[PDB]
Amino acid sequence: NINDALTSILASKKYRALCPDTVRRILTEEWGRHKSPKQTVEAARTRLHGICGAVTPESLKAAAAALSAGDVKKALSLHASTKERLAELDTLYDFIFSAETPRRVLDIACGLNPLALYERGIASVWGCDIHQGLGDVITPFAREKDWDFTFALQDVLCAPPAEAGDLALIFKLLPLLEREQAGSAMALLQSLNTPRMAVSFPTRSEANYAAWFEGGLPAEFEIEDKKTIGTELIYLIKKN
Ligand SMILES: Nc1nc2c(ncn2[C@@H]2O[C@H](COP(=O)(O)O)[C@@H](O)[C@H]2O)c(=O)[nH]1
């Protein structure tokens, strides 16, 4: 059964820090599409390889160390997604916070980004992602600096965020969400308990993300702003 497999896969050194829901979700899908030789586990296993960062413990240790030495920048350099948004990082948050600076932010599929949020003087942050290694790095930090930050090992496709806040960050995620389960991308924005959200898509290869996002955004949402910064096309929207 699935629970047996989830248990085996989570035993591996390569996947032990993975959100159990994700492994299960993927196990379940690789089953109905196969009925398998049993080794659905293989399809799932190689599906989980690039389901997360493609994030090695090696980079993780390197981060929590870089971090413990005060070098936040480098810590961020050790995470792929954050590393490329690094150069135009400040321009990016000025764009986002320009109109209203949030007290509580909900960083969806946060990654190491929360660190960048600390250095922005954001008071409260709730971040979720599918790899425990991430929280392992940011929590001791937040603790060591009495910064109100909470990490949830959670897959937004099994359960949406139950938290509330002023802003929600959905950076380069909608595409991966939509590809895993049609219509789930917008469904995520609909269930986010925030009046504002910062969404983004990669500029490089919904061939045209702008045309898709703009074309499929629910009428309850409005686009207050749009701009490209570095490798991201950003959209500031408001939920009503
Ligand atoms: N919470 C959540 N995170 C996900 C899900 N699928 C992928 N991710 C995470 O989302 C991120 C992809 O965004 P990025 O790091 O490029 O900005 C990765 O950190 C990855 O592990 C999901 O279904 N739920």
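The PDB entry lists the chain under the name 16S rRNA methylase, with Escherichia coli as the source organism. The title given to this entry in the Protein Data Bank is "Crystal structure of rRNA methylase from Escherichia coli". In its Sequence similarities (unreviewed entry) section, UniProt records this for the chain: "Belongs to the methyltransferase superfamily. Aminoglycoside resistance family." UniProt annotates the chain under Catalytic activity (unreviewed entry) with the comment "guanosine(1405) in 16S rRNA + S-adenosyl-L-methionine = N(7)-methylguanosine(1405) in 16S rRNA + S-adenosyl-L-homocysteine".

Draft legend 1. How the structure looks around the site of the ligand. In the vicinity of the ligand there are 15 residues, among which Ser 81, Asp 129, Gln 154, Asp 155 and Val 156 approach most closely. In this structure, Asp 155 approaches the ligand through a side-chain N or O atom, which is 2.8 Å from an oxygen atom. In isolation the ligand exposes 520 Å². Once the protein is present, 88% of that is buried. Broken down by class, the residue content of the shell around the ligand amounts to nine nonpolar, three polar and three charged.

Draft legend 2. Representation of the UniProt feature "binding site: GMP" (unreviewed entry) in the chain in the model. The UniProt record marks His 79, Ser 81, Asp 129, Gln 154 and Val 156 with the feature "binding site: GMP" (unreviewed entry), using the residue numbering of this structure. In contact with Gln 154, not counting residues within four places along its chain, are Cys 19, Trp 126, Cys 128, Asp 129, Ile 130, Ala 159, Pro 160 and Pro 161. A distance of 2.9 Å separates the side chain of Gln 154 from the backbone oxygen of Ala 159, its partner in a polar contact. With respect to the helices and strands, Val 156 occurs in the loop between strand 3 (148-153) and strand 4 (167-170).

Draft legend 3. Spatial organisation of the packing of aromatic side chains. Using the criterion set out here, one finds 10 aromatic pairs in the structure. One aromatic cluster is present, formed by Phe 201, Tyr 209, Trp 212, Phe 213 and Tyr 235 through successive ring pairs.

Draft legend 4. Region of the structure containing the pairing of strand 1 (residues 104-108). In terms of residue burial, strand 1 counts as a mostly covered element, since five of its five residues are buried. Here strand 1 runs beside strand 2 (residues 124-129); their pairing, made up of five bridges, is parallel. Across the sheet, the residue bridging to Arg 104 is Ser 124, located in strand 2. Relative to strand 4, strand 1 is paired through three bridges, and the arrangement is parallel. Within strand 4, the residue paired with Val 105 across the bridge is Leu 167.

Procedures and definitions
Residues numbered from 1 in each chain as written, not as in the entry; some residues may be left out. Heavy atoms only, no water. Residues with missing side-chain atoms left out of burial classes, pairs and counts. UniProt positions renumbered as here; feature names shortened; annotations may be inferred. Near = heavy atom within 4 Å. Polar contact = N/O pair within 3.5 Å; in protein donor to acceptor, adjacent residues only side chain to side chain. Areas by Shrake-Rupley, 256 points an atom, 1.4 Å probe, with all protein chains shown as cover. Nonpolar A, V, L, I, M, F, W, Y, C, P; charged D, E, K, R; others polar. Contact = heavy atoms within 4.5 Å. Helix = DSSP H or I, 4+ residues; strand = E, 2+ residues; numbered from the N terminus. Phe/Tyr/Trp six-rings, centres within 6.5 Å; stacked < 30°, edge-to-face > 60°. Buried < 20%, exposed > 50% of the residue type's maximum accessible area, 1.4 Å probe, protein only. Pairing = 2+ DSSP bridges.

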